[PDB]
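query30.tsv follows; it contains TSV, C-alpha atoms and all ligand atoms.
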```
chain	number	residue	atom	x	y	z
D	1	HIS	CA	-7.44	27.91	13.46
D	2	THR	CA	-5.13	27.49	10.46
D	3	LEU	CA	-4.95	26.70	6.74
D	4	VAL	CA	-2.40	25.96	3.91
D	5	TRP	CA	-1.12	28.87	1.67
D	6	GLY	CA	0.70	26.60	-0.74
D	7	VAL	CA	3.79	24.42	-1.19
D	8	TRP	CA	7.51	24.43	-1.85
D	9	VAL	CA	9.31	21.78	-3.84
D	10	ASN	CA	12.98	21.13	-3.12
D	11	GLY	CA	13.09	24.58	-1.54
D	12	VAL	CA	11.30	26.43	-4.37
D	13	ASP	CA	8.03	28.32	-3.59
D	14	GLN	CA	5.33	27.15	-5.98
D	15	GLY	CA	3.22	30.35	-5.35
D	16	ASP	CA	-0.28	30.74	-3.84
D	17	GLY	CA	-2.12	27.47	-4.14
D	18	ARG	CA	-5.46	28.36	-2.63
D	19	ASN	CA	-8.40	27.09	-4.51
D	20	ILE	CA	-5.80	26.38	-7.25
D	21	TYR	CA	-3.75	23.30	-6.23
D	22	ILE	CA	-4.99	23.27	-2.61
D	23	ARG	CA	-8.71	22.22	-2.23
D	24	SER	CA	-9.22	25.04	0.28
D	25	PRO	CA	-12.11	25.44	2.75
D	26	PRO	CA	-13.73	28.88	2.88
D	27	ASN	CA	-12.15	29.52	6.30
D	28	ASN	CA	-9.88	28.25	9.11
D	29	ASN	CA	-12.60	26.76	11.39
D	30	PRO	CA	-11.76	23.18	12.57
D	31	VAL	CA	-13.42	19.98	11.42
D	32	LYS	CA	-14.75	18.10	14.58
D	33	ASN	CA	-17.42	15.66	13.39
D	34	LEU	CA	-15.66	12.27	12.94
D	35	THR	CA	-18.36	10.69	10.74
D	36	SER	CA	-18.74	13.66	8.40
D	37	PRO	CA	-17.61	13.76	4.74
D	38	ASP	CA	-15.76	16.97	5.88
D	39	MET	CA	-12.99	14.70	7.39
D	40	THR	CA	-11.92	13.85	3.81
D	41	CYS	CA	-10.62	17.20	2.51
D	42	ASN	CA	-12.43	19.61	4.73
D	43	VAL	CA	-15.78	21.44	4.03
D	44	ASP	CA	-15.14	22.14	0.32
D	45	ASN	CA	-13.77	19.01	-1.36
D	46	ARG	CA	-13.66	19.41	-5.11
D	47	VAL	CA	-11.23	18.99	-8.01
D	48	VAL	CA	-9.41	22.30	-8.38
D	49	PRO	CA	-7.62	23.45	-11.61
D	50	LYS	CA	-3.96	22.70	-10.93
D	51	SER	CA	-1.70	19.95	-9.60
D	52	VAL	CA	1.94	20.48	-8.62
D	53	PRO	CA	4.55	18.58	-10.58
D	54	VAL	CA	7.03	16.66	-8.39
D	55	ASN	CA	9.14	13.53	-8.66
D	56	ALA	CA	9.83	10.64	-6.26
D	57	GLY	CA	12.51	11.79	-3.82
D	58	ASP	CA	11.49	15.43	-3.98
D	59	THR	CA	10.90	17.33	-0.78
D	60	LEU	CA	7.34	18.64	-0.65
D	61	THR	CA	6.83	21.30	1.99
D	62	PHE	CA	3.35	22.35	3.10
D	63	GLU	CA	3.03	25.93	4.33
D	64	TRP	CA	0.32	26.73	6.85
D	65	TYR	CA	-1.01	30.24	7.82
D	66	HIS	CA	-3.51	31.73	10.29
D	67	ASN	CA	-4.77	35.11	8.82
D	68	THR	CA	-2.00	36.35	6.54
D	69	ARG	CA	0.75	34.24	5.00
D	70	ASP	CA	3.76	33.86	7.35
D	71	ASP	CA	1.76	35.33	10.27
D	72	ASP	CA	1.57	33.40	13.65
D	73	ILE	CA	0.35	30.28	11.78
D	74	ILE	CA	-1.85	28.67	14.39
D	75	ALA	CA	-2.65	29.64	17.96
D	76	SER	CA	-0.24	28.33	20.59
D	77	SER	CA	-3.10	26.55	22.47
D	78	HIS	CA	-3.59	24.05	19.65
D	79	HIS	CA	-0.98	21.55	20.96
D	80	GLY	CA	-1.09	18.29	19.03
D	81	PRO	CA	0.33	15.91	16.40
D	82	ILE	CA	0.74	16.29	12.67
D	83	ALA	CA	0.25	13.70	10.00
D	84	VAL	CA	0.43	13.58	6.22
D	85	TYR	CA	-1.58	10.95	4.23
D	86	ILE	CA	-1.58	10.23	0.42
D	87	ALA	CA	-4.23	8.84	-1.87
D	88	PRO	CA	-4.84	8.50	-5.65
D	89	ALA	CA	-6.88	11.39	-7.03
D	90	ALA	CA	-8.83	8.52	-8.67
D	91	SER	CA	-10.46	7.95	-5.29
D	92	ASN	CA	-11.35	11.64	-4.68
D	93	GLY	CA	-10.81	10.76	-1.05
D	94	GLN	CA	-13.48	8.11	-1.02
D	95	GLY	CA	-13.14	4.53	-0.03
D	96	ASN	CA	-10.31	2.81	1.79
D	97	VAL	CA	-7.54	4.86	0.11
D	98	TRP	CA	-5.46	6.98	2.63
D	99	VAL	CA	-1.85	5.83	3.32
D	100	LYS	CA	0.13	7.62	6.05
D	101	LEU	CA	3.52	8.99	4.96
D	102	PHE	CA	4.35	10.83	8.17
D	103	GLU	CA	3.42	11.16	11.86
D	104	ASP	CA	4.92	13.43	14.54
D	105	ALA	CA	3.24	13.77	18.04
D	106	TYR	CA	5.59	14.86	20.81
D	107	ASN	CA	9.43	15.26	20.78
D	108	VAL	CA	10.76	14.29	24.24
D	109	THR	CA	14.13	16.12	23.79
D	110	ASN	CA	12.93	19.64	23.05
D	111	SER	CA	9.62	19.05	24.93
D	112	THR	CA	7.52	20.43	21.99
D	113	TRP	CA	4.56	18.94	20.10
D	114	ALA	CA	4.57	19.00	16.34
D	115	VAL	CA	2.25	22.01	16.36
D	116	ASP	CA	4.63	24.01	18.59
D	117	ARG	CA	7.41	23.36	16.05
D	118	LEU	CA	5.20	24.13	13.15
D	119	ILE	CA	4.77	27.66	14.56
D	120	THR	CA	8.59	27.96	14.87
D	121	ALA	CA	8.97	26.69	11.31
D	122	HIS	CA	6.83	29.59	9.93
D	123	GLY	CA	4.19	26.97	9.14
D	124	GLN	CA	6.40	24.75	7.04
D	125	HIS	CA	6.61	20.96	7.34
D	126	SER	CA	7.71	18.48	4.75
D	127	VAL	CA	7.60	14.95	3.42
D	128	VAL	CA	9.80	13.17	0.84
D	129	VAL	CA	7.86	12.10	-2.24
D	130	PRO	CA	7.65	8.30	-2.23
D	131	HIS	CA	8.36	5.89	-5.17
D	132	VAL	CA	4.72	5.21	-6.19
D	133	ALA	CA	3.10	5.02	-9.64
D	134	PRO	CA	3.36	8.16	-11.67
D	135	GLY	CA	0.04	9.88	-11.68
D	136	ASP	CA	-2.19	12.30	-9.80
D	137	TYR	CA	-2.52	12.25	-6.04
D	138	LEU	CA	-3.96	14.03	-3.01
D	139	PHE	CA	-1.59	14.71	-0.07
D	140	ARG	CA	-3.73	15.25	2.98
D	141	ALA	CA	-2.08	17.14	5.81
D	142	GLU	CA	-3.80	16.98	9.16
D	143	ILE	CA	-3.17	18.82	12.35
D	144	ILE	CA	-4.95	17.50	15.39
D	145	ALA	CA	-5.33	20.21	18.00
D	146	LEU	CA	-6.27	18.68	21.37
D	147	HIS	CA	-7.01	21.80	23.51
D	148	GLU	CA	-10.57	20.45	24.03
D	149	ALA	CA	-10.03	16.75	23.19
D	150	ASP	CA	-10.58	15.80	26.86
D	151	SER	CA	-14.17	15.60	25.70
D	152	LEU	CA	-15.66	13.87	22.68
D	153	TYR	CA	-17.56	15.91	20.06
D	154	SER	CA	-20.28	13.20	19.79
D	155	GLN	CA	-21.08	13.71	23.50
D	156	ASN	CA	-20.46	17.46	23.84
D	157	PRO	CA	-20.49	19.21	20.49
D	158	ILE	CA	-18.83	22.46	21.79
D	159	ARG	CA	-15.66	20.49	22.73
D	160	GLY	CA	-13.84	17.52	21.13
D	161	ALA	CA	-10.71	16.85	19.11
D	162	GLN	CA	-10.18	19.47	16.29
D	163	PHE	CA	-8.93	18.47	12.81
D	164	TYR	CA	-7.33	21.04	10.50
D	165	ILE	CA	-7.23	19.19	7.23
D	166	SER	CA	-5.91	20.23	3.85
D	167	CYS	CA	-5.61	18.29	0.67
D	168	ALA	CA	-3.05	19.26	-1.91
D	169	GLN	CA	-3.20	18.14	-5.53
D	170	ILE	CA	0.13	16.62	-6.50
D	171	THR	CA	1.15	15.11	-9.77
D	172	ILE	CA	4.03	12.69	-9.50
D	173	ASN	CA	5.85	12.58	-12.83
D	174	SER	CA	9.17	10.63	-12.68
D	175	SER	CA	9.10	7.58	-10.39
D	176	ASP	CA	10.72	4.18	-10.75
D	177	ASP	CA	7.69	2.88	-8.75
D	178	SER	CA	9.83	0.74	-6.40
D	179	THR	CA	7.07	1.02	-3.67
D	180	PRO	CA	3.61	0.82	-5.21
D	181	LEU	CA	0.94	2.39	-3.00
D	182	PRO	CA	-1.17	-0.04	-0.87
D	183	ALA	CA	-4.81	0.28	0.08
D	184	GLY	CA	-5.35	2.64	2.96
D	185	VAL	CA	-7.84	3.78	5.59
D	186	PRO	CA	-10.98	5.84	4.85
D	187	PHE	CA	-11.71	9.40	6.05
D	188	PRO	CA	-14.35	9.73	7.34
D	189	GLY	CA	-13.95	6.37	9.05
D	190	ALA	CA	-10.52	5.48	10.54
D	191	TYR	CA	-10.97	7.83	13.53
D	192	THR	CA	-13.93	6.85	15.87
D	193	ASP	CA	-14.59	7.95	19.54
D	194	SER	CA	-12.74	4.88	20.91
D	195	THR	CA	-9.65	5.32	18.63
D	196	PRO	CA	-6.61	6.40	20.75
D	197	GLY	CA	-5.25	9.95	20.47
D	198	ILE	CA	-8.76	11.24	19.76
D	199	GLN	CA	-9.75	11.61	23.46
D	200	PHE	CA	-6.86	12.83	25.59
D	201	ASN	CA	-6.27	15.31	28.42
D	202	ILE	CA	-3.19	17.43	27.78
D	203	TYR	CA	-3.81	19.47	31.02
D	204	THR	CA	-3.70	16.48	33.47
D	205	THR	CA	-1.82	13.75	31.47
D	206	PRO	CA	1.86	14.05	30.32
D	207	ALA	CA	2.69	14.40	26.59
D	208	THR	CA	5.14	11.47	26.59
D	209	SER	CA	2.22	9.17	27.35
D	210	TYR	CA	0.38	10.44	24.24
D	211	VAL	CA	-0.17	7.82	21.48
D	212	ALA	CA	-1.26	9.28	18.11
D	213	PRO	CA	-4.22	7.90	16.27
D	214	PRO	CA	-3.46	4.96	13.95
D	215	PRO	CA	-2.79	3.89	11.28
D	216	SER	CA	0.90	3.50	11.37
D	217	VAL	CA	3.25	5.03	8.88
D	218	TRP	CA	3.55	2.97	5.68
D	219	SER	CA	6.99	1.26	5.28
D	220	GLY	CA	7.34	2.81	1.75
D	221	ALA	CA	7.36	6.29	3.30
D	222	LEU	CA	10.73	8.18	3.04
D	223	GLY	CA	10.15	10.41	6.04
D	224	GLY	CA	9.73	14.11	6.58
D	225	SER	CA	10.37	16.94	8.98
D	226	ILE	CA	8.96	20.13	10.56
D	227	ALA	CA	11.26	23.04	9.66
D	228	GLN	CA	11.46	26.16	7.56
D	229	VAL	CA	12.80	25.52	4.04
D	230	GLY	CA	12.28	28.93	2.46
D	231	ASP	CA	11.58	32.51	3.40
D	232	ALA	CA	8.13	33.63	2.36
D	233	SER	CA	9.08	37.24	3.28
D	234	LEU	CA	11.35	37.55	0.16
D	235	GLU	CA	8.41	37.62	-2.36
S	301	LIG	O1	-5.69	27.85	26.38
S	301	LIG	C1	-6.22	26.70	27.06
S	301	LIG	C2	-7.72	26.66	26.95
S	301	LIG	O2	-8.11	26.74	25.58
S	301	LIG	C3	-9.53	26.86	25.43
S	301	LIG	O3	-9.86	27.03	24.05
S	301	LIG	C4	-9.71	28.36	23.47
S	301	LIG	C5	-8.37	28.44	22.71
S	301	LIG	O4	-7.32	28.44	23.62
S	301	LIG	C6	-8.31	29.63	21.88
S	301	LIG	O5	-7.07	29.61	21.09
S	301	LIG	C7	-9.49	29.71	20.97
S	301	LIG	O6	-9.31	30.80	20.08
S	301	LIG	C8	-9.92	30.77	18.79
S	301	LIG	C9	-11.30	31.46	18.85
S	301	LIG	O7	-12.20	30.65	19.64
S	301	LIG	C10	-11.86	31.64	17.49
S	301	LIG	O8	-13.06	32.39	17.57
S	301	LIG	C11	-10.88	32.36	16.58
S	301	LIG	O9	-11.49	32.37	15.29
S	301	LIG	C12	-11.20	33.41	14.37
S	301	LIG	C13	-9.90	33.12	13.68
S	301	LIG	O10	-8.85	33.12	14.62
S	301	LIG	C14	-9.62	34.13	12.62
S	301	LIG	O11	-8.44	33.74	11.89
S	301	LIG	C15	-10.82	34.26	11.65
S	301	LIG	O12	-10.56	35.31	10.70
S	301	LIG	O13	-12.03	34.57	12.39
S	301	LIG	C16	-12.34	33.53	13.34
S	301	LIG	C17	-13.68	33.86	14.04
S	301	LIG	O14	-13.53	34.91	14.99
S	301	LIG	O15	-9.66	31.59	16.49
S	301	LIG	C18	-8.99	31.48	17.77
S	301	LIG	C19	-7.67	30.72	17.60
S	301	LIG	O16	-6.81	31.38	16.67
S	301	LIG	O17	-10.65	29.85	21.74
S	301	LIG	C20	-10.93	28.66	22.52
S	301	LIG	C21	-12.22	28.86	23.31
S	301	LIG	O18	-13.10	27.72	23.17
S	301	LIG	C22	-10.23	25.59	25.99
S	301	LIG	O19	-11.66	25.76	25.93
S	301	LIG	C23	-9.80	25.32	27.43
S	301	LIG	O20	-10.28	24.02	27.84
S	301	LIG	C24	-8.29	25.38	27.58
S	301	LIG	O21	-7.94	25.32	28.96
S	302	LIG	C1	-22.01	14.36	11.85
S	302	LIG	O1	-21.93	13.97	10.47
S	302	LIG	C2	-23.00	13.15	9.99
S	302	LIG	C3	-22.76	12.84	8.49
S	302	LIG	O2	-22.80	14.04	7.68
S	302	LIG	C4	-24.28	13.94	10.19
S	302	LIG	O3	-25.43	13.32	9.60
S	302	LIG	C5	-24.55	14.23	11.66
S	302	LIG	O4	-25.76	15.02	11.73
S	302	LIG	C6	-23.34	14.97	12.25
S	302	LIG	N1	-23.35	14.94	13.69
S	302	LIG	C7	-23.60	15.98	14.48
S	302	LIG	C8	-23.52	15.64	15.94
S	302	LIG	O5	-23.87	17.10	14.05
S	303	CL	CL	-9.66	26.86	18.15
S	304	CU	CU	-8.40	27.06	16.30
```

Structure translated into structure tokens:
Amino acid sequence: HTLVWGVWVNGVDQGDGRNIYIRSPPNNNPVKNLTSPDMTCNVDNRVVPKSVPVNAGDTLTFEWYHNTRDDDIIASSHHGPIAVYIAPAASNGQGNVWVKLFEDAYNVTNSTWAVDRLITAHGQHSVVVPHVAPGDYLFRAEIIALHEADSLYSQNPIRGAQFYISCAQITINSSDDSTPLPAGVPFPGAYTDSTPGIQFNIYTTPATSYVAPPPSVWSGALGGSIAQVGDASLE
């Protein structure tokens, strides 16, 4: 159970974004139905008043929270991968529009999933703003918690993969547009019961054998990281 408080840009806290520049759900319950419109931007998708100014090459850091800002973020049981997608606000999430800018499942070195490291990072994980057309965008961050993904939701609706999904509104001002955005996958749609990473047993199977759901990370992506970039406690 977790949600996004707001964002930092190049290490600068942009202030509470909830229902302002983040299209927030009313609470931190997971999305589990794979065919539902809720897979787009969670249970309350609608244009909100504000959109954060950034430029290509900026570092955009999402900040997640559990109950209060900078609390314990998400419960330690929710082991799983983290992804960020982008789409034009044009689309409002609809159609074949979502391009993946980032994916992080399991790190063999430190033997931590992305979620474990997100807790350590005080809920902060980042992506570098790519060189796409200036304009308005949604950045969709998605945490897949797999603590019950040994089952499928379609077959047993009290279990299944859990999706904690949050769309930010981002306006990209300066960009040379060296990497124009391609068409993407739809949500709902790209994840189905048969898609890998959706059904997996983290209790019996080892985390190095985990393979995150597709699609793959767009070549025009400029990476990202899971790590604290500013102290929320100083505000
Ligand atoms: O640990 C392995 C075990 O996990 C089992 O699943 C557990 C989870 O481990 C556990 O974290 C989860 O806890 C949830 C709880 O069910 C929710 O009711 C609670 O929701 C709160 C929310 O936390 C608050 O922020 C909000 O204000 O109110 C809501 C409503 O009360 O959130 C916590 C997580 O933070 O419970 C699961 C039980 O299904 C698996 O079932 C098992 O297979 C694994 O072995
Ligand atoms: C899942 O979502 C679809 C589309 O909204 C819905 O019609 C269906 O009733 C939902 N499935 C379950 C199992 O609740
Ligand atoms: Cl949960
Ligand atoms: Cu939860």

Show me a table, sorted first by chain and then by increasing residue number, of the residues of chain D having an atom at most 9 Å from ligand LIG 302 (chain S), each with its shortest atom pair and the distance in Å to one decimal, counting all atoms listed in the file and written as a Markdown table.
```
| residue | atom | partner | partner_atom | distance |
| --- | --- | --- | --- | --- |
| D:32 | CA | S:LIG302 | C1 | 8.6 |
| D:33 | CA | S:LIG302 | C1 | 5.0 |
| D:34 | CA | S:LIG302 | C1 | 6.8 |
| D:35 | CA | S:LIG302 | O1 | 4.9 |
| D:36 | CA | S:LIG302 | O1 | 3.8 |
| D:37 | CA | S:LIG302 | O2 | 6.0 |
| D:38 | CA | S:LIG302 | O2 | 7.8 |
| D:153 | CA | S:LIG302 | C8 | 7.3 |
| D:154 | CA | S:LIG302 | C8 | 5.6 |
| D:155 | CA | S:LIG302 | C8 | 8.2 |
| D:156 | CA | S:LIG302 | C8 | 8.7 |
| D:157 | CA | S:LIG302 | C8 | 6.5 |
```

Figure out the distance between atom CA of residue D:175 and atom CA of residue D:55, please, to one decimal in Å.
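Between atom CA of residue D:55 and atom CA of residue D:175 the gap is 6.2 Å.
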
Test item: residues at most 8 Å from residue D:30, all atoms listed in the file, excluding those fewer than 4 positions along its chain, as a PyMOL selection string:
chain D and resi 1+162-164

Counting all atoms listed in the file, name the residues that have an atom within 7 Å of an atom of ligand LIG 301 (chain S); the answer should be given as an mmCIF file with C-alpha atoms, in the frame of the given file.
```cif
data_model
loop_
_atom_site.group_PDB
_atom_site.id
_atom_site.type_symbol
_atom_site.label_atom_id
_atom_site.label_comp_id
_atom_site.auth_asym_id
_atom_site.auth_seq_id
_atom_site.Cartn_x
_atom_site.Cartn_y
_atom_site.Cartn_z
ATOM 1 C CA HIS D 1 -7.440 27.910 13.460
ATOM 2 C CA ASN D 28 -9.880 28.250 9.110
ATOM 3 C CA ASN D 29 -12.600 26.760 11.390
ATOM 4 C CA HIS D 66 -3.510 31.730 10.290
ATOM 5 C CA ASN D 67 -4.770 35.110 8.820
ATOM 6 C CA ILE D 74 -1.850 28.670 14.390
ATOM 7 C CA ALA D 75 -2.650 29.640 17.960
ATOM 8 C CA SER D 76 -0.240 28.330 20.590
ATOM 9 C CA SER D 77 -3.100 26.550 22.470
ATOM 10 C CA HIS D 78 -3.590 24.050 19.650
ATOM 11 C CA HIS D 147 -7.010 21.800 23.510
ATOM 12 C CA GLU D 148 -10.570 20.450 24.030
#
```

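In this comparison, which uses only C-alpha atoms, the residue of D:68, D:19, D:45, D:112 approaching residue D:92 most closely is D:45.
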
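Atom to atom, atom CA of residue D:73 and atom CA of residue D:6 stand 13.1 Å apart.
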
Set the distance at 10 Å and use all atoms listed in the file: which residues neighbour residue D:15 once local chain neighbours fewer than 2 positions away are removed? I'd like the list as number ranges by chain.
D: 5-8, 12-13, 17-18, 21, 232, 235
